[PDB]
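Undergrad: Partial complex here, more coming in a sec:
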Amino acid sequence: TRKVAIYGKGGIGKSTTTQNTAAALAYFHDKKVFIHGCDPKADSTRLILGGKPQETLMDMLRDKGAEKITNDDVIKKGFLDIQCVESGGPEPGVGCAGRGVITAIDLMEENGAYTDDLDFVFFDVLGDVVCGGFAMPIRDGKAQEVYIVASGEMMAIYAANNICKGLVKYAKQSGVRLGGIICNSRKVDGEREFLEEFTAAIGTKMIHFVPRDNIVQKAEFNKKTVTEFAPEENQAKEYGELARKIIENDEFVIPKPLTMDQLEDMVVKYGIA
């Protein structure tokens, strides 16, 4: 089973990319996929489960209690029987925002939920801080491969670079490696050239350019991924291609993070605003 962690800044397209890739892997490549939501926003599985928001493991522990919760309560099946979990986490202000990810991954390991017949487990992880439960997939090697979603914006590549510092720290301990940067386009000029240079500099590749396409919001309105909603659309084919390149990827690196000065110089070099 390939254990894959998807990191990136808030709003960059982690859950859009993960869900669409998961649906494309199942539909176009006949793969068994599990999605484990590790983002307090807790909408990482909504489009696979056709719009019904799933109860988080933390909310169930809170209401029904530890020794009365079964795999069937926490794991729901959606499009093509893709298995879905939401870690959840405590209320803003209360304790560590990542604590639910620890409890959730611990329980899935305890209960053998990550079965040997899975082709892929995706952890959709909040990446604005790399600490607590948000770091666990990298620190404890729950995922062996990382892809970072970014775009042509300073804060997106700053977040990417920061996540890469996490990977450097835990590379020898955990065996975790960077598989690539996914460009989730924000439709800005220089974006592709910028990320080609960024990825070369940190020692990886931009594995795929995902276009910004209105079909994503049309599919969201119909409570679906693009592959489920309209598998003949170009955007479905883009996720099918991203899915292919992830299946076939053999380039896993310890990245070489940049200084703040190098990030700022590379932004002005490609006229990213």
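TA: On my side now, so go ahead. Residues are numbered from 1 along each chain as shown, chains lettered A, B, ... in the order given.
Undergrad: and residue A:63, how many residues sit next to it?
TA: For residue A:63, the count of nearby residues is 10 (other C-beta atoms under 10 Å). Any C-beta I mention is one placed from the backbone N, CA and C, and that applies to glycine too.
Undergrad: The one 10 residues further on too?
TA: Residue A:73 is flanked by 12 other residues according to other C-beta under 10 Å.
Undergrad: My reading is that it lies in a helix. Confirm?
TA: Yes: under DSSP: H, G, I helix; E, B strand; the rest coil, residue A:73 falls within a helix.
Undergrad: From what I see, it and residue A:60 are in contact.
TA: Yes: with contact defined as C-beta atoms under 8 Å, residue A:73 and residue A:60 form a contacting pair (5.7 Å).
Undergrad: wait, what's in contact with residue A:134?
TA: When contacts are counted by C-beta atoms under 8 Å, 6 or more residues apart in numbering, residue A:134 touches A:38, A:97, A:98, A:101, A:125, A:126, A:127.
Undergrad: Who wins on neighbours among those?
TA: residue A:38 leads these on contacts (other C-beta under 10 Å) with 33 neighbours.
Undergrad: who are the neighbours in contact with it?
TA: Per C-beta under 8 Å, 6+ apart, neighbours of residue A:38: A:5, A:44, A:87, A:98, A:101, A:104-105, A:123-126, A:133-134, A:137.
Undergrad: element containing residue A:181, please.
TA: strand A:177-184 (DSSP states H and E).
Undergrad: repeat for residue A:168
TA: Counting by DSSP H and E, residue A:168 is found in helix A:154-174.
Undergrad: Name the residues of that helix that come out as buried.
TA: Buried residues in helix A:154-174, counting neighbours by 16 or more other C-beta atoms under 10 Å, are found at A:156-164, A:166-167, A:170-171, A:174.
Undergrad: just the strands in the stretch 51-200 of chain A please.
TA: A:76-77, A:83-86, A:120-125, A:145-150, A:177-184 (DSSP state E, counting those that start in this stretch).
Undergrad: So which of these is nearest residue A:216?
TA: Across these, residue A:216 has its closest neighbour in strand A:177-184 (10.0 Å, C-beta to C-beta).
Undergrad: could you check the angle strand A:145-150 makes with that closest one?
TA: Here strand A:177-184 runs at an angle of 30 degrees relative to strand A:145-150 (axes from the mean of the first three to the mean of the last three C-alpha atoms, to 10 degrees).
Undergrad: mind checking how far residue A:121 is from residue A:22?
TA: Distance of residue A:121 to residue A:22, given as C-beta to C-beta, to the nearest Å: 10 Å.
Undergrad: Need the nearest residue in space to residue A:177, chain neighbours excluded.
TA: For residue A:177, ignoring the flanking residues on the chain, the nearest one in space by C-beta to C-beta, 6 or more residues apart in numbering is residue A:252 at 3.5 Å.
Undergrad: onto the same structure, chain B please:
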Amino acid sequence: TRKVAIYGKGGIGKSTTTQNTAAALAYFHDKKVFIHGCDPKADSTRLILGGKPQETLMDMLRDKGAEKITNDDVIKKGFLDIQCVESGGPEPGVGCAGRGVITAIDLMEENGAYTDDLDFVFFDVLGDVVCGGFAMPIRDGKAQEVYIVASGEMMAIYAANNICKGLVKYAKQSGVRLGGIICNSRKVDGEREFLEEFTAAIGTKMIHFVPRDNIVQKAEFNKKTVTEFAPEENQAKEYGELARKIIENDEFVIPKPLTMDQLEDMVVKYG
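TA: Let me add chain B to what's already shown:
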């Protein structure tokens, strides 16, 4: 002294808004201002100071040690003697990203850095999570009043709403209140209407609309806030007006955060 925490999503304009407001309070309103950076990005003070970040308290503790650090090492004076500190934070992957904020605020309280003659202390706080040292200014009441920077974008309003849940939690314990949402415009149609509706619904106000203006990047290139670079520019006068509304603000609320469904429905309404 008014103790003010500025929260918001990464990249929303917390440090641009804080530094320009601080410069406008000093220049237009003759105020003594202290800025305490509580964001690991650690560039919260670059435009008040000469440029290229100041050393963080955490990096100095790491290299020279506590008990060999003086106030003068951590607090730098910039435009109109605005005093500046960067908390810093551990390396990504190493411990809690907020732990430096706690150490830094504790040390400034220890060493009496927040002198009674200060009109304003601004905490520039990472708002993508509200936990550990990022929650401390609200949980332990180091700031009494909060402004949230947002824009038309879904994740900016999601972050605002989530920060409001933090404020609700600590409202009775700490006496923390929300003073308003600052719209730092991303130059999109519907933005003003979106934030008017969002702020009414959660029981606050959009205190000020900060236009997207190229003068900010011209001033950054000159290593300056807009007030320092060009105080006669409209954008300098906008920060002077935001500064005025903060000085005169008497509307401090416990907000009523939206549910997931309410927030999602209102985001698709103003897409």
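Undergrad: Go back to the buried residues of helix A:154-174, now with chain B?
TA: A:155-171, A:174 (16 or more other C-beta atoms under 10 Å in any protein chain shown).
Undergrad: Run a quick check on residue A:118 versus residue A:3, I expect a contact.
TA: No: Residue A:118 is beyond contact range of residue A:3, at 9.1 Å (criterion: C-beta under 8 Å).
Undergrad: Looking at those two, which has the bigger crowd around it?
TA: residue A:3 (19 against 16; other C-beta atoms under 10 Å in any protein chain shown).
Undergrad: Name whatever forms a beta bridge with that one.
TA: Residue A:3 has these beta-bridge partners by DSSP bridges: residue A:121.
Undergrad: which bits of the stretch 51-200 of chain A sit near chain B?
TA: Selection of the stretch 51-200 of chain A residues close to chain B by C-beta under 8 Å from any C-beta of the partner chain yields A:53, A:90-98, A:126, A:128-132, A:135, A:138-139, A:153-155, A:158-159, A:162-163, A:165-167, A:169-170.
Undergrad: show me where chain A has helices.
TA: For chain A, applying DSSP state H gives helices covering A:14-29, A:57-63, A:71-74, A:99-110, A:132-139, A:154-174, A:191-202, A:215-221, A:226-229, A:234-248, A:260-269.
Undergrad: Relative to residue A:48, tell me which of the ones you listed wins on proximity.
TA: Nearest of the helices of chain A to residue A:48, taken as C-beta to C-beta: helix A:14-29 at 5.4 Å.
Undergrad: Can you tell me, leaving aside adjacent residues, what's nearest to residue A:49?
TA: Nearest residue to residue A:49 in three dimensions, chain neighbours excluded: residue A:78, at 4.2 Å (C-beta to C-beta, 6 or more residues apart in numbering or on different chains).
Undergrad: If you could redo that for residue A:229, that was the one I meant.
TA: residue A:219 (3.8 Å).
Undergrad: What distance do you get for that neighbour to chain B?
TA: To chain B, residue A:219 is 13 Å away according to C-beta to the nearest C-beta, to the nearest Å.
Undergrad: Residue A:56 against residue A:99, yeah?
TA: No: with contacts counted by C-beta under 8 Å, residue A:56 stays clear of residue A:99, the gap being 11.9 Å.
Undergrad: Can you work out which residues contact both of those two?
TA: Common neighbours of residue A:56 and residue A:99 (criterion: C-beta atoms under 8 Å, 6 or more residues apart in numbering or on different chains): residue A:89.
Undergrad: Residue A:256 reaches residue A:201, doesn't it?
TA: Yes: contact criterion C-beta under 8 Å: residue A:256 and residue A:201 qualify, at 7.2 Å.
Undergrad: When the two are compared, which one has more neighbours?
TA: When residue A:256 and residue A:201 are compared for neighbours, residue A:201 comes out ahead with 16 against 12, by other C-beta under 10 Å.
Undergrad: gap between the more buried one and chain B?
TA: 17 Å.
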